[PDB]
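[1] Need a 3D model of the sequence below.
(chains A, B and C)
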Amino acid sequence: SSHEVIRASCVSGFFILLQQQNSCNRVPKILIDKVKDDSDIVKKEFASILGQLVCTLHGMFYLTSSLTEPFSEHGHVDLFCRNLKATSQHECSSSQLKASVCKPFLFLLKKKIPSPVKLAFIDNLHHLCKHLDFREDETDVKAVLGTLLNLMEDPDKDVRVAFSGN
Amino acid sequence: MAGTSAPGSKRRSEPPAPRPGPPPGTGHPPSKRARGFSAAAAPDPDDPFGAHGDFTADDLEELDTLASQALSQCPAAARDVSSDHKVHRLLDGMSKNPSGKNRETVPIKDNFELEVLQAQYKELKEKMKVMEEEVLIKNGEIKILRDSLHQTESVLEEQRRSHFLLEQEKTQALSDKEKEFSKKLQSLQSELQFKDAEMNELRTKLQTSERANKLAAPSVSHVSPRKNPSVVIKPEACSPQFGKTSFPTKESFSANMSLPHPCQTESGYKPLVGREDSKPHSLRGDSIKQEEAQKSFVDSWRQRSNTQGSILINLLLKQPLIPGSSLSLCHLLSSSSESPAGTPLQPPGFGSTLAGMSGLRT
Amino acid sequence: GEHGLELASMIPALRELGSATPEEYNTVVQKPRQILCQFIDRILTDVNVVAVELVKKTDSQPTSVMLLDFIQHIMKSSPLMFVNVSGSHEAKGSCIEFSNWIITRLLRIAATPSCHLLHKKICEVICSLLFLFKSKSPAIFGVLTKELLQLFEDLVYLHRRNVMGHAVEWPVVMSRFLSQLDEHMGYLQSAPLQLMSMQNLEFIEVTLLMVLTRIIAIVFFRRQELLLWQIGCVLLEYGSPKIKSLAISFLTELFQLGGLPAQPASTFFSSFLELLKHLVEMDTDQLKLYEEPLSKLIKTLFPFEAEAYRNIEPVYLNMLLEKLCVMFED
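    Residues are numbered from 1 along each chain as shown, chains lettered A, B, ... in the order given. Shown next is the structure:
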């Protein structure tokens, strides 16, 4: 954590020093950061991967090009799926879903919040579950709990919850 | 005891060396066609028993390839095409004797490869009359290694499609895929024989390619492209070759649909979808290797196959509607575009298929 | 207009083909052909149906016929124009039938090279064969050829290239050297045709006692051919040519008289000899009886040992084969 968080922020600094150049260069480093698995903070490095895989949807030209490949690298990291590979990263991944949900007050709640019901589900499609609405439901219920649900996080959840289920 | 029958294997190779000293005789092989007629003396005499015997040359040993080696000696020089006919009586007689060795008890497997060596060496009509003989005598209810020899029968017809107008390809257009539905099947070499059967599907042209294929075979081949990595293993260069043959075989409809576009295609985009991702299962995996210098050529092969897949990347997008996907193959298409923009920069190659794929993946 | 400028600018190129003494004028017409390479990158590609498919492509074939006409000796613009000719219909995602016609254009010369066994003359038609040698680079640049040889393309004309290796002058052999090695670089294991042409190349290379540029290009082809030397071929054709190399092993003083690349290719052949040793053997004393002549050839290089050491390293590689064959079992 004195090195990887100093390197993931450096990867964020590589993401800061990015039009797409280091975003192409650290894409090789992020896909090979998955090779640095099998550690106690490897689930945190997978969290450092999956948040970068959540941030792989941000640039969405060469990083979303790396995203499903990183999800395949997460699948390469998935020798056998685990509950910490299922659950403890998920609210941390939903924390990244709670990151952009702070500035999610645009007039596209039928579109962008349904895209938030899709881009989160695309990461769940990167997780590739069949009950990916309902299997993520109790975690999202824990995540909408972790959301303040003052004015903007609530209806963005509940209408997407009305999208994913009844 | 001084030595076992490995000394006879040391003698059969020495008999093949006697066949090789016969192959070290000279040019054009009318005398060896007469030795093929002297083989036809034996080859007519095998089924002349028709009782508990075999073709004694094939029943002599297994590794002794004098049936090929004398035919290799018969490949001395072309004088003229009756050498490519004299062993035809040696061909179909032992083939009917191998057909009289039906169900392949313990010695009838090795016959068809000797026949394939007879098919590959020299047949003017010595394959075509053999194809006229095999039209009257063929049984295809095959097994594991027998799938390879059935592809050796498929190896014959494209080799028999050579002469001037191919002279029996329309007759081979009768010999169609009606028995070829036995894929999703035996192992990697048989899948390479299925890729050879796909090389036979990269053959039997517009006389029958607009009839037999219909884009439901390539989807069954897209199931085979799934099967080749999954229904067996140890196909590291083999499925790579099977893709490289499919790189020829998918491009075998290049001038066909770009003549009048008949093509019988029902599912014209299903096979191109999963195979291009299955390309990225090796080529983006080779772009995960991402080396510049080739290993020796196995890196250079799949990359040229990726350069062949670069044409295949330009292929479906130039006619059909790209990015009309449903699954995460479109998400893998960006990873294929990640494999593209890597390999496009890494090409230093033909700029036509480069810039087209630069607009196809993007 | 597009057909009419093709009836004007290619006619202006026919006015440029009216004078072939270029001096940067037909090269400016090659710069206009480079502009026509931009124009073939601009238009006259992926056009209407069979009439229009036969309209401008035959006119481009008529441009290719005039490109076939201006062979001697301007190979610089001709190889350049062949590149745009490769770039003509390739991006159209079509007209591979026109390439199959261009294959039949190449297959027309196959009968002509077969006719060269009966009667041949005309160094300008050998320059048209050298224009066809520029088409050999274009056949190397065809690149759907392994997709085309599934329909029995230039895999066939590899034998015509072997027939171009039959009628093989020091221009024509080096023409035969590259594209066959390029077709060897495409794939291997044709149906026993060129293994006959291999000893017809290899032993006749010892017969060719001059024309070092042909010899260097053959060693460049042997750089691919010793790379093509492998254990996935005809199970008996290899050992005979290996014995033919062992026959050639009695005379490698000309292989040293040829300065370096032939001796390097002979070292590559010695590397291929160890690669034949790296394969299975199935001929116990016959390998060793070939090896005793090879050890004599090793002693022959040890006899004239004043310059060579990679051959001695190939002999050390042969010693590495000999140490493998020294006492490995007991």
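[2] three-state assignment of residue 15?
    Just so you know, I chose chain A. helix (DSSP: H, G, I helix; E, B strand; the rest coil).
[3] And for it, the neighbour number?
    For residue A:15, the count of nearby residues is 20 (other CB atoms under 10 Å in any protein chain shown). C-betas here are computed from N, CA, C, even on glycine.
[4] Report the contact partners of it.
    A:22-23, A:26, A:55 (CB atoms under 8 Å, 6 or more residues apart in numbering or on different chains).
[5] Swap in 10 Å and give it another go.
    Applying CB atoms under 10 Å, 6 or more residues apart in numbering or on different chains to residue A:15 gives the contacts A:8-9, A:22-23, A:26-27, A:30, A:52, A:55, A:58-59, A:63.
[6] Pull out the buried residues from these.
    A:8, A:22-23, A:26-27, A:30, A:52, A:55, A:59, A:63 (16 or more other CB atoms under 10 Å in any protein chain shown).
[7] Also near chain B: which of those, exactly?
    Among these, the ones lying near chain B by CB under 10 Å from any CB of the partner chain are A:27, A:63.
[8] Would you point out the most distant pair within the buried ones among the contacts of residue A:15?
    Spanning the widest gap among the buried ones among the contacts of residue A:15 are A:8 and A:59, at 16.1 Å by CB to CB.
[9] close enough to count as contact, residue B:336 and residue B:361?
    Yes. Taking CB atoms under 10 Å as the definition, residue B:336 is a contact partner of residue B:361 at 6.1 Å.
[10] In the stretch 101-250 of chain B, what residue comes closest to chain C?
    Closest to chain C within the stretch 101-250 of chain B is residue B:202: 3.8 Å, counting by CB to the nearest CB.
[11] OK, contacts around that residue?
    Counting by CB under 10 Å, 6+ apart, residue B:202 has contacts B:158, B:195-196, B:209, B:245-253, C:147, C:149-151.
[12] Among these, which lie within strands?
    Using DSSP state E, the subset of the contacts of residue B:202 located in strands is empty.
[13] Please report phi then psi for residue C:77.
    phi -70, psi -30 (degrees, to the nearest 10).
[14] and it, how many residues sit next to it?
    Number of residues near residue C:77 (other CB under 10 Å) recorded here: 19.
[15] Then residue B:301?
    19.
[16] Touching, it and residue B:245? I think so.
    No. If you go by CB under 10 Å, residue B:301 and residue B:245 don't touch, sitting 11.8 Å apart.
[17] Overlap of the contact sets of the two?
    residue C:187.
[18] List the contacts of the most centrally placed residue in chain A.
    With distances taken as CA atoms, centre = their mean, the residue of chain A nearest its centroid is residue A:54 (3.2 Å). Residue A:54 makes contact with A:47, A:67, A:92-97, A:99-100, A:119-120, A:123, A:126 under the criterion CB under 10 Å, 6+ apart.
[19] 6 Å instead?
    residue A:96 (CB atoms under 6 Å, 6 or more residues apart in numbering or on different chains).
[20] What about the residue of the stretch 51-200 of chain B found nearest chain A, how many residues nearby?
    Chain A sits closest to residue B:188 of the stretch 51-200 of chain B, with a gap of 23.3 Å, by CB to the nearest CB. Look at residue B:188: counted by other CB under 10 Å, it has 21 neighbours.
[21] That one and residue B:237 touch, don't they?
    No. Using CB atoms under 6 Å, residue B:188 is not in contact with residue B:237, being 10.1 Å away.
[22] which one's the longest helix in chain A?
    helix A:63-77 (DSSP state H).
[23] Okay, and the residue of the stretch 101-250 of chain B found nearest chain A sits in which element?
    Taking CB to the nearest CB, chain A has its nearest neighbour within the stretch 101-250 of chain B at residue B:229, 14.4 Å off. Here residue B:229, judged by DSSP states H and E, is contained in helix B:217-230.
[24] Can you mark which positions in that helix are buried?
    B:217-225, B:227-229.
[25] Repeat that for stretch C:257-272.
    The neighbour-count check on stretch C:257-272 (16+ other CB under 10 Å) flags C:258, C:260-272 as buried.
[26] Up against chain B, what does the stretch 151-300 of chain C have?
    Contact residues, the stretch 151-300 of chain C versus chain B (CB under 6 Å from any CB of the partner chain): C:152, C:191-192, C:235-236, C:282.
[27] Sort out for me which of those are in helices.
    Among these, none falls in helices (DSSP H).
[28] and residue 125, how many neighbours?
    Went with chain A since none was named. Residue A:125 is flanked by 17 other residues according to other CB under 10 Å.
[29] Hmm, no, I was thinking of chain B.
    17.
[30] Show the backbone phi and psi for it.
    Dihedral angles of residue B:125 (phi, psi; degrees, to the nearest 10) stand at phi -120, psi 0.
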